[PDB]
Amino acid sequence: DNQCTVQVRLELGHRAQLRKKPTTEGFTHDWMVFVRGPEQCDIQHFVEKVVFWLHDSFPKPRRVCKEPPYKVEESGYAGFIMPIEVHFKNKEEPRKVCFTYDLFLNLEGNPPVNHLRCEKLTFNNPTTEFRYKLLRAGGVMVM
């Protein structure tokens, strides 16, 4: 009767390509990982920050974006599993969502990687305040 659900969408993704020539440090690959909304949505209305947890070998592996673009650009030698936390401008639970992101590179001879992973978040009965932030960002009421 006073029940209420807001869906929003997140796109996580990454690009990777073999450098024509490795770096001095033997980095064979360029890559880029990101969190964005669909086109014409503004996830910054409900997203406080995004944290990208790189392999422990990276300098400052806890990479934070407090505003768009939410992305890391790097070079490296191998793929890994990257925890990505999306923190919300939410007073209550849930405050964040954690994704296990497969950052995989192209094996030499294979063309560049260009992957997208679409995530639908369903917020049940958000506070009036946080409901407003979700709708500002291009979220939708359901149910």
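Numbering starts at 1 and follows the sequence shown. Each form is matched to the other, and the largest set of C-alpha atoms that superpose within 1.5 Å is called the rigid core.
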In 6 other deposited structures of this protein, rigid core aligned: more displaced of 17-25 and 117-125 by C-alpha RMS:
17-25
Kindly name the stretch, out of 31-39 and 102-110, whose CA atoms are displaced more from this form in 6 other deposited structures of this protein after the core superposition?
102-110
Between 6-14 and 126-134, which has the larger average Cα B-factor in the PDB entry?
126-134
Between 24-32 and 96-104 (mean CA B-factor, as deposited), the higher
24-32
From 117, 87, 63, 91, which pick has the Cα B-factor that tops the rest in the entry?
91
For the listed residues 59, 68, 37, 83, which one has the largest C-alpha B-factor as given in the deposited model?
59
How does residue 47 rank on Cα B-factor within its chain, lowest, middle or highest third?
lowest
